[PDB]
């Protein structure tokens, strides 16, 4: 409480772009890379390094740090909304505790926020509820499918047929 003579808005603006090299996957054409570049507008394979951690993108005018997640539905069972028990370790590290670290390092809030954009709805619904359970208030999850995917065809189906259900009601 107090908040005056603000010298540095958006501390993550003092980060830098760099090649990831997290023993990930290379090639510029995979769905993982193309989806990341569309969410972050970062040229592959560059990401954002600030506060000792890796971030997929950084919307400086909004002071929001971005992270994109493409192919992860194959570790969940579709109809039940739970992960496959054999994939708990991969879900924990890649999706859950990595977002917990993102929330802890994205400070102060305001103005530093962090968003996680999921290509797949099934992955979004699980993770977003997990973040609410962990109380990551400065972290927002979105189902943001890319044009050209079959996930995008399902998204515009319901956002064009929700204006037929939220109108006659």
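Residue numbers count along the first chain shown, from 1.
Per the PDB record, of the two stretches 97-105 and 27-35, 27-35 carries the greater mean B-factor over its C-alpha atoms. As recorded in the PDB entry, 158-166 is the stretch of 158-166 and 2-10 with the greater mean C-alpha temperature factor.
Sorting the modelled residues of the chain by their CA temperature factor places residue 91 in the lowest third. In the PDB entry, residue 133 places in the highest third of its chain by CA B-factor.
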